[PDB]
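Scroll down for the structure; my scribbles are underneath it.
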Amino acid sequence: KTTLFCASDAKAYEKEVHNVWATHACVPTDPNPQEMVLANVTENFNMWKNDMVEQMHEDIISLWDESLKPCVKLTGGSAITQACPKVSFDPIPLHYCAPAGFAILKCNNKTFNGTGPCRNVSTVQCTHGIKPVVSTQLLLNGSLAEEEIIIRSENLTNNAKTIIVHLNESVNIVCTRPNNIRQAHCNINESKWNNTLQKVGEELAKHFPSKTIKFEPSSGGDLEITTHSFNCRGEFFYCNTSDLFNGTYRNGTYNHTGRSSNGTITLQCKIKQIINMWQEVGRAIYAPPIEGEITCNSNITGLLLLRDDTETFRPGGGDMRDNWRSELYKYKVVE
Ligand SMILES: CNCc1ccc2c(c1)N(C(=O)OCc1ccccc1)[C@H](CNC(=N)N)[C@H]2NC(=O)C(=O)Nc1ccc(Cl)c(F)c1
Ligand SMILES: *[C@@H]1O[C@H](CO)[C@@H](O)[C@H](O)[C@H]1NC(C)=O
Ligand SMILES: *[C@@H]1O[C@H](CO)[C@@H](O)[C@H](O)[C@H]1NC(C)=O
Ligand SMILES: *[C@@H]1O[C@H](CO)[C@@H](O)[C@H](O)[C@H]1NC(C)=O
Ligand SMILES: *[C@@H]1O[C@H](CO)[C@@H](O)[C@H](O)[C@H]1NC(C)=O
Ligand SMILES: *[C@@H]1O[C@H](CO)[C@@H](O)[C@H](O)[C@H]1NC(C)=O
Ligand SMILES: *[C@@H]1O[C@H](CO)[C@@H](O)[C@H](O)[C@H]1NC(C)=O
Ligand SMILES: *[C@@H]1O[C@H](CO)[C@@H](O)[C@H](O)[C@H]1NC(C)=O
């Protein structure tokens with residue numbers, strides 16, 4: 001309804017690039033924030049049409065332009081060349097704050113699916129701290145649901161609409177390029193993956209009740225959406241999830257179909273230099289990988305799915321506003 005500002009813990013003395021950007025663009029966080037409950041009000045939210053998401057998307061585009069400069073950027077006809085130094089890159093949390101005379105309304109219902117009316121509301125001046133993590137298929141390093149796994153969609157009957165699964169317990173994923181230069185792998189505990197994909201099948205079943213629930217690898221598209229892609233320490237990883245989204249949930253029981261080995265699923269990955277950009281339609285070329293071991297240890301805290309008797313779900317992604325939505329869903333600017 002208005003333009004918001006960001007607050008952060010960044011420090012002007014980190015040269016990590018999120019820190020640099022935030023110290024120029026954000027104000028410091030209030031050490032003790034005000035929050036004002038109101039259990040009577042009942043207030044309508046819509047996470048799928050929330051202008052906080054558009055403002056955040058702008059900010060993160062700006063951060064990546066300042067920070068992860070490509071050697072070449074192809075946008076349509078044009079090709080732009082610049083210095084592409086290797087940088088230190090680790091996302092930090094960002095708070096979005098309402099300016100003077102507006103407030104941010106927070107929905108306090110633990111199972112609120114992001115849509116419709118909400119009974120227990122609050123007024124705050126800033127959101128919680130949201131780490132702007134760019135990735136597909138798996139949402140990393142977010143904040144888990146309080147109670148049960150929530151299923152969010154602008155419209156579950158429209159199978160073109162992305163489904164956000166909000167996990168209530170996180171699942172560890174560890175990706176490494178050991179000391180090819182391009183070759184890397186990720187490891188997930190097959191047990192924890194089994195467990196969470198069962199519970200996700202249960203919630204999906206509540207919404208599609210006759211049908212069998214199948215998980216299957218992403219069909220087609222750019223490598224960025226057909227693998228789980230993400231930035232780790234500056235380098236762009238592309239990890240094959242064919243052994244991860246691979247399993248059936250038949251009779252209130254889940255059966256994993258993908259290959260494990262000693263109780264860990266291992267995704268093969270490549271570090272790539274030609275990137276399809278998430279900010280706009282365009283390509284970006286980066287320098288070859290840094291030296292040594294490149295490792296990220298992340299929490300899978302949500303999933304992005306697309307639905308095709310039987311209902312089949314494939315990993316989705318590609319529109320980073322859904323990443324921001326998965327965090328901003330309980331908030332609304334007012335007044
Ligand atoms: C229903 N939604 C389907 C969908 C599928 C695929 C995409 C979108 C949307 N895009 C999308 O919405 O852009 C936002 C937008 C919206 C409206 C108008 C313009 C732009 C992307 C369009 N950009 C290209 N074509 N170059 C494409 N996504 C990626 O390229 C991607 O994620 N790359 C990547 C790079 C690095 C990392 Cl680390 C990473 F994790 C991922
Ligand atoms: C979310 O809840 C609303 C009612 O609050 C309901 O109308 C809508 O269908 C639900 N959507 C999903 C994806 O569960
Ligand atoms: C998370 O939610 C699921 C499904 O809604 C439920 O079965 C499970 O017990 C919950 N787990 C935890 C750790 O709260
Ligand atoms: C969402 O789903 C379908 C589109 O397939 C359509 O009936 C309408 O847009 C929506 N329906 C409901 C119940 O929201
Ligand atoms: C879940 O993973 C463990 C580890 O391999 C396995 O022993 C167990 O049988 C699996 N459960 C399934 C596939 O339902
Ligand atoms: C992932 O690996 C499988 C089997 O190794 C292969 O068939 C599939 O095409 C791969 N997908 C991508 C996007 O690399
Ligand atoms: C599941 O994994 C196996 C081996 O890891 C693979 O052969 C199979 O094609 C995968 N399922 C699908 C639907 O791709
Ligand atoms: C997730 O957070 C951990 C701890 O801050 C970090 O080491 C890891 O690299 C993060 N993952 C991504 C993809 O940013």
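Labels used: A, B, ... for chains in the order of the structure tokens, numbers from 1 for residues in each chain, and numbers from 1 for ligands as shown.
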Selection: 8 Å around residue 244 of chain A, only C-alpha atoms, excl. self and same-chain fewer than 2 positions, as a PyMOL selection string: chain A and resi 217+241-242+246+258+265
Close residues to ligand 5 using only C-alpha atoms and all ligand atoms, limit 9 Å, as an mmCIF file with N, CA and C atoms, in the first residue's frame:
data_model
loop_
_atom_site.group_PDB
_atom_site.id
_atom_site.type_symbol
_atom_site.label_atom_id
_atom_site.label_comp_id
_atom_site.auth_asym_id
_atom_site.auth_seq_id
_atom_site.Cartn_x
_atom_site.Cartn_y
_atom_site.Cartn_z
ATOM 1 N N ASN A 189 19.875 -37.866 4.134
ATOM 2 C CA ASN A 189 19.501 -39.063 4.887
ATOM 3 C C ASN A 189 18.257 -39.697 4.248
ATOM 4 N N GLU A 190 18.359 -40.932 3.729
ATOM 5 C CA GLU A 190 17.150 -41.535 3.178
ATOM 6 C C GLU A 190 16.070 -41.700 4.237
ATOM 7 N N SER A 191 16.434 -41.895 5.505
ATOM 8 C CA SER A 191 15.389 -42.061 6.506
ATOM 9 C C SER A 191 14.565 -40.781 6.660
ATOM 10 N N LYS A 192 15.242 -39.626 6.823
ATOM 11 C CA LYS A 192 14.502 -38.400 7.093
ATOM 12 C C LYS A 192 13.682 -38.011 5.873
ATOM 13 N N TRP A 193 14.243 -38.237 4.685
ATOM 14 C CA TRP A 193 13.508 -37.946 3.466
ATOM 15 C C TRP A 193 12.254 -38.804 3.378
ATOM 16 N N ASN A 194 12.390 -40.118 3.611
ATOM 17 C CA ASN A 194 11.260 -41.050 3.659
ATOM 18 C C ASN A 194 10.149 -40.527 4.558
ATOM 19 N N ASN A 195 10.534 -40.191 5.777
ATOM 20 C CA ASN A 195 9.573 -39.753 6.764
ATOM 21 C C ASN A 195 8.811 -38.525 6.273
ATOM 22 N N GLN A 198 6.459 -39.112 3.455
ATOM 23 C CA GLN A 198 5.206 -39.703 3.903
ATOM 24 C C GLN A 198 4.238 -38.626 4.379
ATOM 25 N N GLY A 247 8.896 -41.814 -5.734
ATOM 26 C CA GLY A 247 8.257 -42.585 -4.687
ATOM 27 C C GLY A 247 6.743 -42.522 -4.739
ATOM 28 N N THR A 253 0.548 -45.327 3.396
ATOM 29 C CA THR A 253 1.971 -45.641 3.506
ATOM 30 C C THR A 253 2.756 -45.104 2.302
ATOM 31 N N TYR A 254 3.981 -44.597 2.563
ATOM 32 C CA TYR A 254 4.898 -44.094 1.531
ATOM 33 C C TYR A 254 6.022 -45.095 1.236
ATOM 34 N N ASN A 255 6.284 -45.334 -0.059
ATOM 35 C CA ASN A 255 7.347 -46.225 -0.534
ATOM 36 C C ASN A 255 8.342 -45.436 -1.383
ATOM 37 N N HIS A 256 9.605 -45.362 -0.958
ATOM 38 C CA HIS A 256 10.584 -44.638 -1.762
ATOM 39 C C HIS A 256 11.156 -45.513 -2.874
ATOM 40 N N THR A 257 11.036 -45.009 -4.112
ATOM 41 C CA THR A 257 11.473 -45.659 -5.351
ATOM 42 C C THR A 257 12.898 -45.283 -5.771
ATOM 43 N N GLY A 258 13.430 -44.150 -5.312
ATOM 44 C CA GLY A 258 14.747 -43.734 -5.750
ATOM 45 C C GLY A 258 15.873 -44.510 -5.086
ATOM 46 N N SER A 260 18.984 -45.310 -3.046
ATOM 47 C CA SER A 260 19.909 -44.914 -2.011
ATOM 48 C C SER A 260 21.032 -45.947 -1.914
ATOM 49 N N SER A 261 21.884 -45.764 -0.909
ATOM 50 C CA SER A 261 23.140 -46.505 -0.799
ATOM 51 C C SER A 261 23.721 -46.203 0.567
ATOM 52 N N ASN A 262 23.637 -47.172 1.468
ATOM 53 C CA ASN A 262 24.027 -46.997 2.856
ATOM 54 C C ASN A 262 23.122 -45.985 3.552
ATOM 55 N N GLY A 263 21.851 -45.927 3.145
ATOM 56 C CA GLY A 263 20.886 -45.062 3.795
ATOM 57 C C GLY A 263 21.068 -43.578 3.555
ATOM 58 N N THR A 264 21.736 -43.191 2.456
ATOM 59 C CA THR A 264 21.850 -41.798 2.036
ATOM 60 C C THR A 264 21.571 -41.733 0.541
ATOM 61 N N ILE A 265 20.728 -40.775 0.138
ATOM 62 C CA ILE A 265 20.524 -40.453 -1.266
ATOM 63 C C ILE A 265 21.630 -39.497 -1.652
#
Using only C-alpha atoms and all ligand atoms, what are the residues with an atom within 10 Å of ligand 3, set out as a PDB file with C-alpha atoms, in the first residue's frame?
ATOM      1  CA  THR A 111      -2.259 -23.498  10.450  1.00  0.00           C
ATOM      2  CA  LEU A 144       9.357 -24.159   9.497  1.00  0.00           C
ATOM      3  CA  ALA A 145       5.635 -24.400  10.226  1.00  0.00           C
ATOM      4  CA  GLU A 146       4.684 -24.410  13.918  1.00  0.00           C
ATOM      5  CA  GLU A 147       2.308 -27.339  13.965  1.00  0.00           C
ATOM      6  CA  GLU A 148       1.539 -29.361  10.862  1.00  0.00           C
ATOM      7  CA  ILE A 149       2.811 -29.312   7.317  1.00  0.00           C
ATOM      8  CA  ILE A 150       0.745 -26.600   5.566  1.00  0.00           C
ATOM      9  CA  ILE A 151      -0.130 -26.852   1.886  1.00  0.00           C
ATOM     10  CA  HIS A 166       5.630 -25.760   4.301  1.00  0.00           C
ATOM     11  CA  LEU A 167       7.549 -28.427   6.255  1.00  0.00           C
ATOM     12  CA  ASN A 168       7.284 -28.524  10.077  1.00  0.00           C
ATOM     13  CA  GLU A 169      10.602 -30.412  10.479  1.00  0.00           C
ATOM     14  CA  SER A 170      13.626 -29.705   8.317  1.00  0.00           C
ATOM     15  CA  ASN A 195       9.573 -39.753   6.764  1.00  0.00           C
ATOM     16  CA  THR A 196       8.865 -36.243   5.471  1.00  0.00           C
ATOM     17  CA  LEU A 197       7.669 -37.435   2.092  1.00  0.00           C
ATOM     18  CA  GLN A 198       5.206 -39.703   3.903  1.00  0.00           C
ATOM     19  CA  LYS A 199       3.752 -36.830   5.941  1.00  0.00           C
ATOM     20  CA  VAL A 200       3.617 -34.665   2.805  1.00  0.00           C
ATOM     21  CA  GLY A 201       1.690 -37.452   1.076  1.00  0.00           C
ATOM     22  CA  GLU A 202      -0.762 -37.459   3.979  1.00  0.00           C
ATOM     23  CA  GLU A 203      -1.509 -33.718   3.687  1.00  0.00           C
ATOM     24  CA  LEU A 204      -1.777 -33.921  -0.090  1.00  0.00           C
ATOM     25  CA  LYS A 206      -6.445 -34.721   2.629  1.00  0.00           C
TER      26      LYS A 206
END
Can you pull out every residue with an atom within 6 Å of ligand 2? Use only C-alpha atoms and all ligand atoms and format it as a VMD selection string. chain A and resid 113 115 to 117 151 to 153 155 to 156
Store the residues picked out above, limited to C-alpha atoms, as a PDB file, in the first residue's frame.
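Written file, again_31.pdb:
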ATOM      1  CA  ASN A 113      -2.769 -21.589   4.707  1.00  0.00           C
ATOM      2  CA  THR A 115      -5.539 -17.320   2.220  1.00  0.00           C
ATOM      3  CA  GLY A 116      -8.834 -16.133   3.578  1.00  0.00           C
ATOM      4  CA  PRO A 117      -9.802 -14.846   7.030  1.00  0.00           C
ATOM      5  CA  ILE A 151      -0.130 -26.852   1.886  1.00  0.00           C
ATOM      6  CA  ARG A 152      -0.357 -23.515   0.085  1.00  0.00           C
ATOM      7  CA  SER A 153      -1.619 -22.736  -3.362  1.00  0.00           C
ATOM      8  CA  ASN A 155      -5.753 -22.510  -6.331  1.00  0.00           C
ATOM      9  CA  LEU A 156      -5.218 -26.271  -5.797  1.00  0.00           C
TER      10      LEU A 156
END
Length of the atom CA of residue 296 of chain A to atom CA of residue 19 of chain A vector [Å]: 18.5 Å
Which residues sit within 9 Å of ligand 1, counting only C-alpha atoms and all ligand atoms, listed as a PyMOL selection string? chain A and resi 75+133-137+160-162+221-225+228-232+235-238+275-284+306+316-321
Pull the strand (DSSP E) assignments for segment 129-264 of chain A out of DSSP run on the backbone, and list those residues as a PyMOL selection string. chain A and resi 138-140+150-153+163-177+183-189+212-215+228-232+235-239+247-249+254-256+264
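Minimum atom-to-atom distance to residue 273 of chain A, evaluated using only C-alpha atoms, belongs to A:234 out of A:302, A:178, A:234, A:76.
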May I ask which of the residues A:59, A:30, A:243, A:54 is the closest one to ligand 7, counting only C-alpha atoms and all ligand atoms? A:243
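If you count only C-alpha atoms and ignore residues fewer than 6 places along the chain from residue 214 of chain A, what sits within 9 Å of it is residues 201, 245, 246, 247, 248, 249, 250, 310, 311, 312, 313 and 314 of chain A.
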For segment 80-83 of chain A, find every residue with an atom within 10 Å (counting only C-alpha atoms), except residues of its own chain fewer than 3 positions away, and show them as a PyMOL selection string. chain A and resi 69-75+86+284-287
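Residues in contact range of segment 31-47 of chain A, defined as at most 9 Å between only C-alpha atoms, with sequence neighbours fewer than 3 positions away removed, read residues 28, 50, 53, 105, 107, 108, 113, 114, 115, 116, 117, 118, 119, 120, 121, 122, 123, 124, 125, 126, 154, 325, 326, 328, 329, 330, 331 and 332 of chain A.
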